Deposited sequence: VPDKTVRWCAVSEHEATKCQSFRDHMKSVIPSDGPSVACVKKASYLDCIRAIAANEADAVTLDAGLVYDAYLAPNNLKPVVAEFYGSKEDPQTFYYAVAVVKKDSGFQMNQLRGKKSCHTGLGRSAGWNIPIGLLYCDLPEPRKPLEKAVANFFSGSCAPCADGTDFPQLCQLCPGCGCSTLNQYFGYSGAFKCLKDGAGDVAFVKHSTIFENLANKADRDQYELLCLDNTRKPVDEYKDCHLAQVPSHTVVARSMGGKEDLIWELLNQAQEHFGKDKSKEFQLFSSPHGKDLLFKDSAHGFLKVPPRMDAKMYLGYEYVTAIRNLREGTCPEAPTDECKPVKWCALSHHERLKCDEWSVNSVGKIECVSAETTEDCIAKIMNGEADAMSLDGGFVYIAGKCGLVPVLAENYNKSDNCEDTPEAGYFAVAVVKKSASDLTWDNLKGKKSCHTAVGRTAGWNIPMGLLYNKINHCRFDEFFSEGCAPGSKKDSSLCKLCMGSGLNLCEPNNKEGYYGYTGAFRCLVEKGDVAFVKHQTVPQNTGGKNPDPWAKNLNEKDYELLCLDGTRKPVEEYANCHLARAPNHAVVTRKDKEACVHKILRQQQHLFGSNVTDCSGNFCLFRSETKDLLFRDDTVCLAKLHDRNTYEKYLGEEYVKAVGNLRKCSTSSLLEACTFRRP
């Protein structure tokens, strides 16, 4: 059967689920999804039912999405409700801390201030901010209200126990837990800030825009960012306490039935969603409000399949809620490097013991997996080609240090000297060799420039065929690759045409043009590479294509390159930027210019790890022209990590 067992948490919900069930049968054909209805006592019982394979799907708030993820439940987000409208779907809100312009303090200076909260137990106004501040609170941290009462000098915390903790009600005596209290709710807590009762209001990104129509007034307010800087109120995407999904359908991590759940809900919205005007409506009920889904919902969006709960909720949210649940606080130290192979891990392990605890190791199977571990705190750092820096950046990470070899390396187009027809001005129908799709030298620069000439990124229809590792297996740009079985066209070492050397090899054996870096040909000719494919080559037999339309010798790269590559760079989270900057310079003065295979963790061209100063953003580090190019190449991107991050921040 293709049945989705929907979990209801009340009798009114099960009634709506049964109506849902019955109406779907009229509009979905026999080979299509159907609905079964399971009634449990609570959200938590539903989570357990689904983990136990007694049900399949339930829609949850953020907090319960977190509970659902924890062992032994192991559920994940699969479909999101959206709001507002189809043109600009709203899936998330942002919890923010709003303050007055010129009030003279940062997030790490909130102790002693006056706070305005929407209400005790509410997410944006209490659980998140207090969650994030948890370890700043004085001991004993239980009971929580007492500890908060002794952190802020006074507050309005609606619904708090002012009798036992009067500080929490200084700004709203009684701590009224209703609209009768002028400082209750989102508009209430903002008002508490605006009227000068408090110094900080813990509310939503939209709260200020709903209460202040004129920009001139909003310019008198700012937001506290967790890096202890301030930003304008319309920049909440880069300055929030947490990003929070409004309502999320979850399901088993393995065994599903993700695709069935989406097929069901997508067809349900199409026949019974917003403004469909049938007797049955998905987003309302005669039996009650917010049954199964929120009545305000306008539809559903499929959650990208790479997404897990921690990535969906985000690192900020998870930190906040972890603190609340676990109640654990520390008493700088170990940087967790991410390895991508057994040989990367072996160098890392012996680095760890050589560093004396200062460095530790974690491994993942691909770069993206390693990036995701950095985003969620399972790891802290790794070094990346410019193309992965962009992806890391879109995913919220920052570059901290750049690999130096000597402005960085040159991306060049290599060709065989014999075939003296080839020029940059027309490579249409020729055979191309790339390091990998999405890398600086192999793709982003050359195809970036190419995009401007042809105005599309279907490069498998420009070149006759090629090898560009990471392409779709049925693409003409996997035809020249050499990997066997499942390894064919894979962006890793089991594919011999992957990477700088690989792409040059590809040119030598099969291609017409290879997109690599300036030192690749010199290093793989003249006997320096002893492998049979390179041993007997000399660099004089290869030439570079210049932007002119002319050609030049390989040593002449400085006047015959496509563009300057931004260097490979170490990336991490903003909250570890300082510690990573410190520990690596302290480690490279000990183990720098003063791997057992090739280019493990860092390139072997790397002489030092260099300061970035003001270029600690992916946009500022890569430069605008590089970012523009990659932007245009996304239209044809197949990176599932990038798809997941962009779902959360388009």
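Of the deposited sequence, the ranges 1-2, 334-338, 414-423, 612-623 have no C-alpha coordinates according to the record.
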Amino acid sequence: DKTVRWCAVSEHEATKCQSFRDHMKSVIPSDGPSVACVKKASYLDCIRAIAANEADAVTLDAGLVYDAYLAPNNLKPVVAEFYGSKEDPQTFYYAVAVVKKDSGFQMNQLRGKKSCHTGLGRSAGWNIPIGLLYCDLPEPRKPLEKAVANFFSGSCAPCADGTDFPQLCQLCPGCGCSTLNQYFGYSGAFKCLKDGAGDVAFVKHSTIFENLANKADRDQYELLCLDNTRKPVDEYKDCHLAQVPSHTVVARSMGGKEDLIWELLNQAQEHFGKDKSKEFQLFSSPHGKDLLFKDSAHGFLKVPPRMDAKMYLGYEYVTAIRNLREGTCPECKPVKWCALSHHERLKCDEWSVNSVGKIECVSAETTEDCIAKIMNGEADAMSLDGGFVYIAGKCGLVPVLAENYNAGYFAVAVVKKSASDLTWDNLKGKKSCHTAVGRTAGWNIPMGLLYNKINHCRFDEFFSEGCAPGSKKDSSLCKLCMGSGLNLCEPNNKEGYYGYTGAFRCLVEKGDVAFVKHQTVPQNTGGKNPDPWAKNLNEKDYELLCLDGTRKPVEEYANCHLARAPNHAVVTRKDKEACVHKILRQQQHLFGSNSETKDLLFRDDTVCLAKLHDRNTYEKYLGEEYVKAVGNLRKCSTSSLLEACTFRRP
From here on, numbers count along this sequence of modelled residues.
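The term rigid core refers to the most C-alpha atoms you can superpose between the two forms while keeping them within 1.5 Å.
Comparing the two stretches 431-439 and 229-237 by root mean square C-alpha distance in 8 other deposited structures of this protein, with all structures fitted on the core, the more displaced one is 431-439.
Remark: when the other structures in 8 other deposited structures of this protein are fitted onto this one via the rigid core, 445-453 deviates more than the alternative among 321-329 and 445-453, judged by RMS CA distance. Stretches compared: 350-358, 364-372. Higher mean C-alpha B-factor in the entry: 350-358.
Stretches compared: 36-44, 595-603. Higher mean C-alpha B-factor in the entry: 595-603.
For the set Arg573, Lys257, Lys215, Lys100, the PDB entry assigns the largest Cα B-factor to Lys215. Across the options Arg141, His240, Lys540, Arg505, the residue with the most elevated CA B-factor in the record is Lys540. Ranked within its chain, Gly429 lands in the highest third, by CA B factor from the PDB record. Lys417 sits in the highest third of its chain by CA B factor, as recorded in the PDB entry. Ranked against the other modelled residues of its chain, the C-alpha B-factor of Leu70 as given in the entry falls in the middle third. When the CA B factors of the chain's modelled residues are split into thirds, the value for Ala558 lands in the highest one.
When the modelled residues of the chain are ordered by C-alpha B-factor, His343 sits in the highest third.
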